[PDB]
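# Chain and residue survey
Each chain, letter by letter, is given below.
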Amino acid sequence: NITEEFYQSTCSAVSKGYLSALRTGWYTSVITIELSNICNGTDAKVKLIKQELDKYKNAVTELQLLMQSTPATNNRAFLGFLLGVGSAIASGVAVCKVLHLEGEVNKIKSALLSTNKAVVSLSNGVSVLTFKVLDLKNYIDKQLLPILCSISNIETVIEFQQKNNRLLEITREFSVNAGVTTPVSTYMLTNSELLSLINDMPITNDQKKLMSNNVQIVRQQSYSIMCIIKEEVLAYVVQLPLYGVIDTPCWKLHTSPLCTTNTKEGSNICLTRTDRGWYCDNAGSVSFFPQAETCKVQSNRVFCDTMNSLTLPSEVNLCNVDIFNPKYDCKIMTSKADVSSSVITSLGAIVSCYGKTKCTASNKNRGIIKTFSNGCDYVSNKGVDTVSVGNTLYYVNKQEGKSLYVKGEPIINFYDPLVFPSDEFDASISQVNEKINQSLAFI
Amino acid sequence: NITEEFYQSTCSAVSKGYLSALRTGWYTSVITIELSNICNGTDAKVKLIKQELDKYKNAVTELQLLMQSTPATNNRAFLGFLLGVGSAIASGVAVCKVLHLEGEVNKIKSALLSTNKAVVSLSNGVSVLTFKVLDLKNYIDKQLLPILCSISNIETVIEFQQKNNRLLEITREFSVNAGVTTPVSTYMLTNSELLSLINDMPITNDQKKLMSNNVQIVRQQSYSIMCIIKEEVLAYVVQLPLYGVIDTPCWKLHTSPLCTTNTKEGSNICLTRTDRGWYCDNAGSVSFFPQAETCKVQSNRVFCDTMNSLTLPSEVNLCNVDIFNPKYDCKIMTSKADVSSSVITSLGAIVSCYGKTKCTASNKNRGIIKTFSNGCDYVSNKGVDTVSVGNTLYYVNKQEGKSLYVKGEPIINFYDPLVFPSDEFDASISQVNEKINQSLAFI
Amino acid sequence: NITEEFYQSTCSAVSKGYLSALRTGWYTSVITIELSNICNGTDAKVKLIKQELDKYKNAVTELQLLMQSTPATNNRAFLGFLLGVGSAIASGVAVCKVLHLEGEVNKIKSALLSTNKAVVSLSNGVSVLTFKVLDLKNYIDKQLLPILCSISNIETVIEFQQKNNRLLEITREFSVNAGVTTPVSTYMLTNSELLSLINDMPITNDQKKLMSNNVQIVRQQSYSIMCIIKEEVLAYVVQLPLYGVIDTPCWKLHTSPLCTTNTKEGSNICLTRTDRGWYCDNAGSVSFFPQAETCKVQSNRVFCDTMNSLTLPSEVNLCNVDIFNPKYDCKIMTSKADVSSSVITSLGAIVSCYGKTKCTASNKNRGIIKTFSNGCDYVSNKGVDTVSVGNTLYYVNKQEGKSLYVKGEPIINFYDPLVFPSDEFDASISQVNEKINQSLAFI
């Protein structure tokens, strides 16, 4: 049930009706691959086995050389620049540091001796879920040891290339990613293995249901950290998202520049709401994501990460209805740049048409059905297939939903251009007023 | 025929002589893969077939689970922040919504019964080109049904792994991309299939010739949208670029900070043209791409996307010759940051040398051939292989082309530092003048 | 030996003790693959060979069509916007332009006739290291020519698919990357081939030791440029990083907003150091990388690229101890945005808590151990596992290292809010003072 409201006064539109799925924590699991510890015959079948065995030996050496250092990563030091700075794999690397302590790998090696899935409590007190997805030790020792110059058939050559291929592909991913990959591919964790991992995960039924129906999103929000390879065990930590906030209301705020509508070049002043992005109710406050491109939207579900959010008071919503309200200082930016553009919303299109720009909305069967005059306007996606602003053609989202046009006078008309602070990049309503008050008194 | 002109007055250079190739629209095609609808024997050849058949069954289940939701995507809400906001796959998803209407898949399934390529007119009136690239139904039913515990040979095991591998790789791409991939890989569409798709495409001969000679660029500007999988048919929409603007003049404007040349720290004022990027003539106006990194340049051809552009009047070119012209208010930024840097142009290098920085240009055989003094200067790529500014070594483009040094006094000398607005991030020539006029009157 | 110091006065922390590894130049090598120049029988083994041979012929045609144009690339025109603009593959493309000169490929073809590794001096005077990694000519001519309708076995079908697979994968990478790939995958250059290339490279023993122990980082800083395919030779240039600066001191400066601590909404003023990023001593100056995410950190080693750096005087370090020092004008930004956030450092966490935000630091075994009051504070990673600011949970880095809390009064208390320039995006200490001095005199 997606609806949309356009606010003509502030040149902004809100698309509400979405449900939340916020990454609040991390789950660390240890995926393992049991390894094997290892002829004059020129047999064309043994030669193919010797070649595949060298690929196995090189991949093990390649991963050992890769891990002689700590898991490498890159970290930092409209309003996205106001965000904090985290360490995404800090939790996964912490689990990996524990696996280097002596005897810790033996605990994992022993727990997975009789089964392939087991919960292990590490030395530092963390209870991780362990998973042995490939047992190359069992295959090489039971099917490739008696052959080494002995009897060889082609069905073993094919089967060994099939099982070893997963190890080769995992090494290829880590070799070009410095031991940290995201999203987590199907070589690191197949769709059946990941689903089985989610089912055995200590989470609520709603979290299992949510993650199982969106495994492709879980992959995109998961990390695979190459960890340790000792004592015939190849272990890499898979860091999975914890969705501590589920099914709370979300809405996407779209904003576009609001300018005066003089055809004369350079005689206009503008005003743009800078608080655009995804908003979701979260624990009394509002989780504001200033860069909506960091969130994934599956149907009416919104997948975001709280690391890319700010925690704002719920009074920030008043900027949609009353941008001049005294409870919250609404963030805006001021510019003299009267350029034309359009913002494709969930159920329509905002059109900021200025200067001498041709702005239209068209249907594919009929052609132009509306011609926008100068100013900031809006059209619903019902009956409209494309929007053109200048030489840019926009396709609108053809999703079902009702739009509401909230009429109101553009607030840019309430400012005297002679004393309007034309170049404020990160300002607010009160901030602009303060500058206007000073410029007035001195006149 | 690439030429270049450096404007000493404004610390900017224009590289002209390029030809346009602008993405103006989209073409949606439906690529299909016909699927098959499906033993005590422990035969080492049947066992390999059973394993590959499970890979086939899992990939189908994995793609069915992936598509139970609408095609997921991420969208927004120097001057790149002035751009609009579109929905890249809005047109492709619209085609996919039609394929879910009942009987629509049967139209595609029937049209591709006797051939592999066919044009189908959908129910909503859109005429799409359909393509059956893989018929696993025909292979499993004619070569793998009588075997199921029957006679098995190794040549069938190898051939089934070859044909099924494309389905497995397509699933791997969609599993780590949430059903939307770009660029379109060769598993989604081989080079011969894409070229055949371009040839059967309803476009002019110039568009066919352009796309065929730059298929790698077309891939980078194309989307692959996993759509529907029902009634033994696996369909995904390939969204291809429409180049409605071809062979119009383009030019790249490079800008660098222009500062006063006092060695004393912090006593300088700067000025930087913010209108840098790719410019292309387009339908009476000028398509300005403020982030030149969004365009691909093959030889003298420039591939851009109008979604990443602004539509400006052609008078914006006057800022290169006369930044003070009254017809267009040229965009600049003002700073006190007198740091040294270089901008590698198409046929040379702009050098902004300030403070106590060592700035040189060298030849690989001889060494330093020029030492830059403080200010903004330029050197041609003829005879010059590298440029050094501080501890940063720049390699220059060794492309053939003539450069022109347009002498002129730096416009930063025309401003009195005592009343110069030192911190304007998104300003213009007129905007700075306005602020100077006010500060003067109050003195 | 990583240590950290937090500066309460300026809301910033420095993590020192790292060692440098700066990309200062490029090394260009020519990797080659010798190609072969090429039946009514329906044999199920010849049919599999005919199919794999068509994959070989199509890949060669696909790469020939890809290279009919010059190697395509995309280039430009907190303080990262102050950086210069280079051409990353300018040096590699220059080597490729030489390979198109007639007779140049024959020099490479002749040098690799009796060996697989050879140093060749090109016509323009550049001495490149050449490497023949795959000889498909020798395999097709000696193992697949007598078969073409003749005797065929399955071991040849498997071996031809193995050798040809590397050519097919290299083509797949170039087809979706327009002939330029980074990082350099293991198909372009295997781990053993790259290590052998580093060993035969004309570099010092320290550079060989550094690159060999961090091959995954070298891959991420290397380019693979598809170059020429003529006269049975497929050549692509691998552009490798030259680390001209090794083992010099580095340190990472983390900054966070410093605001006044009034609970009242919108009554605070802030101040944020904008000079955050990686700093490394380099040749008398300091290489400043304003976007720390461009550097890779392996253990205590920092891998950066001087193309993403500014060359600053060493006096910039005084901003950590005395932001008001007269030797360097420290860069800051001023805002009224009193939002709460945290910055995860190497050995702790900076917490900027403002408004009505809940900011805590917790241990996994015990829970909340510290509750932050309004202002900018810091906690060490010793005994602390997580930090919460609002609805955002941060995991801290669990690396061993001592932190030092340098007490001092926040410099934001030294400003009178009535005359404080609230919206300076790219300002400095002196710049703010200048604006304050003017606003005072007019009062």
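Before any of the text, the structure's been laid out above.
Quick look at the structure, then. (Residues numbered from 1 in each chain as written, not as in the entry; some residues may be left out. Chains lettered and ligands numbered in written order. Heavy atoms only, no water.)

## Some thoughts on the packing of helix α1 (residues 44-66) of chain A against helix α5 (residues 154-175) of chain C
In contact at an axis separation of 10 Å, α1 of chain A and α5 of chain C are set at 25° when each is read in the N-to-C sense. For the element pair α1 of chain A / α5 of chain C, the angle class is roughly parallel. The two elements α1 of chain A and α5 of chain C meet at a crossing, and its hand is left-handed. Residues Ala44, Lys45, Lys47, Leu48, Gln51, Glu52 and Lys55 of chain A of α1 of chain A pack against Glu155, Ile158, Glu159 and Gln162 of chain C of α5 of chain C. For the contact of α1 of chain A with α5 of chain C, a count of residues per class yields three nonpolar, two polar and six charged. (Axes fitted to C-alpha atoms, helices over the stretch in contact; angles between N-to-C directions. Helix = DSSP H or I, 4+ residues; strand = E, 2+ residues; numbered from the N terminus. Parallel < 35°, antiparallel > 145°, perpendicular 65-115°, else oblique. Left-handed = near helix turned anticlockwise from the far one by under 90°. Contact = heavy atoms within 4.5 Å. Nonpolar A, V, L, I, M, F, W, Y, C, P; charged D, E, K, R; others polar.)

## Digging into the state of the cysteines
All names here are of chain B. Taken as a whole and judged by the stated rule, the model has 24 disulfides over all chains. What pairs with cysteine 250 in a disulfide is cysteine 280, and their sulfur atoms sit 2.0 Å apart. Residues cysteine 250 and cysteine 280 are joined by a disulfide whose S-S torsion is about 110°; by sign, that bridge is right-handed. Of this pair, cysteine 250 sits in strand β9 (residues 245-255) while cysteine 280 sits in strand β12 (residues 277-282), and the two are 30 residues apart along the sequence. For the pair formed by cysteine 250 and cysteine 280, the shared burial category is buried. Each sulfur in the disulfide pair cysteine 319 and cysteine 330 lies 2.0 Å from the other. Disulfide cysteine 319-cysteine 330: the torsion about the S-S bond is -95°, which places it as left-handed. Taken as a pair, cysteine 319 in helix α9 (residues 318-321) and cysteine 330 in the loop between α9 and β17 (331-334) lie far apart in primary sequence, 11 residues in all. Residue classification places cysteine 319 among the buried positions, given a relative accessible area of 0%. Residue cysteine 330 is classed as buried on the basis of its relative accessible area of 1%. (Disulfide = S-S within 2.5 Å. Buried < 20%, exposed > 50% of the residue type's maximum accessible area, 1.4 Å probe, protein only.)

## Points about the interface of chain B and chain A
On the chain A side, the residues contacting the 65 residues of chain B number 61 residues. The contact between chain B and chain A buries some 5000 Å² in all, and 54% of this surface belongs to carbon and sulfur atoms. In this assembly, chain B and chain A are joined by three salt bridges. Here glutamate 159 of chain A makes a salt bridge to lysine 47 of chain B, at a shortest N to O gap of 2.7 Å. Taken together, chain B and chain A are joined by 19 residue pairs in polar contact. Listed by contribution, the elements that provide at least two residues to the side of chain B that touches chain A are β3 (25-34), α1 (44-66), α2 (90-99), α5 (154-175), β13 (285-289), β16 (310-312), β26 (424-428) and α10 (429-441) of chain B. Of the residues forming the side of chain B that touches chain A, the biggest block, 10 residues, is contributed by α1 of chain B. Of the residues contributing to the side of chain B that touches chain A, the split by class is 26 nonpolar, 24 polar and 15 charged. (Buried area = accessible area lost by both parts, 1.4 Å probe. Salt bridge = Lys/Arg side-chain N within 4 Å of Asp/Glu carboxyl O. Polar contact = N/O pair within 3.5 Å; in protein donor to acceptor, adjacent residues only side chain to side chain.)

## So, the interface of chain C and chain A
Facing the 61 residues of chain C at the interface are 65 residues of chain A. Surface buried jointly by chain C and chain A totals about 4900 Å² across both partners, of which 53% is contributed by carbon and sulfur atoms. Looking at the side of chain C facing chain A, the largest losses of area belong to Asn391, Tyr395 and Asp423 of chain C, adding up to 14% of the total buried there. If you look at where chain C meets chain A, you find three salt bridges. Taking the shortest distance from any N to any O, the salt bridge between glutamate 434 of chain A and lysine 336 of chain C comes out at 3.9 Å. Counting the contacts that link chain C with chain A gives 19 residue pairs in polar contact. Put simply, the parts of the chain that give the side of chain C that touches chain A at least two residues each are α5, α6 (191-199), α8 (215-220), β9 (245-255), β14 (296-298), β18 (341-344) and β24 (392-395) of chain C. When its residues are assigned to classes, the side of chain C that touches chain A shows 25 nonpolar, 24 polar and 12 charged.

## Some thoughts on the side chain of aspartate 385 of chain B
Turning to its location among the elements, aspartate 385 of chain B is positioned in the loop between β22 (375-380) and β23 (386-389). One polar contact links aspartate 385 of chain B to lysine 364 of chain B, side chain to side chain, over a distance of 3.1 Å.

## Let's talk about the sheet that holds strand β23 (residues 386-389) of chain A
Residues and elements named next belong to chain A. Overall, antiparallel pairing links the four strands, which are arranged β21-β20-β23-β24 in an open sheet. The open sheet terminates on both sides in strands that have one partner only, identified here as β21 (367-371) and β24 (392-395). Between one strand and the next, the sheet's axes are offset by a mean angle of 30°, whatever the strand orientation. Sheet analysis places strand β20 (residues 359-363) next to β23, joined by four bridges and oriented antiparallel. Paired with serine 362 across the bridge in β23 is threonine 386. (Pairing = 2+ DSSP bridges.)

## Notes on the sheet that holds strand β21 (residues 367-371) of chain C
All names here are of chain C. One open sheet holds the four strands; their spatial order is β21-β20-β23-β24, and the pairing between them is antiparallel. Strand pairing shows two members of the sheet lacking a second neighbour, β21 and β24, which therefore form its edges. Across the sheet, the axes of successive neighbouring strands diverge by a mean angle of 30°, strand direction being ignored.

## Focus on α10 of chain B
Residues and elements named next belong to chain B. Given a rise of 1.5 Å per residue, 13 residues ought to cover 18 Å, and the 19 Å separating the end C-alpha atoms of α10 matches this to within 8%. All buried positions along α10 are accounted for by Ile429, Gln431, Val432 and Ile436. Burial along α10 is one-sided: seen end-on, the buried residues are contained in an arc of 165°. Those residues of α10 that are exposed and angled more than 90 degrees off the buried face are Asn437 and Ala441. Looking at the packing, one finds that the buried side of α10 touches β17 and β26. Here α10 starts with a cap whose side-chain oxygen sits 3.2 Å from the backbone nitrogen of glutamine 431, and that cap is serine 428. (Expected span 1.5 Å × (residues − 1). Arc of directions from axis to C-beta.)

## Regarding helix α6 (residues 191-199) of chain B
For α6 of chain B, the complete set of buried residues consists of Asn191, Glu193, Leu194, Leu197 and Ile198 of chain B. Seen along its axis, α6 of chain B keeps its buried residues to an arc of 165°; they face one direction.

## Topic: the relation of the copies chain C and chain A
For the pair chain C and chain A, the best superposition has an RMSD of 0.0 Å and corresponds to a rotation of 120° with a translation of 0.0 Å parallel to the axis. A rotation of that kind, with that shift, is consistent with a three-fold axis. Rotation axis and chain C: the residue whose C-alpha lies nearest the axis is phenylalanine 425 of chain C, separated from it by 4.1 Å. Both copies present different contact surfaces, since only 7% of the interface residues of chain C are interface residues in chain A too. (Least-squares fit on C-alpha atoms.)

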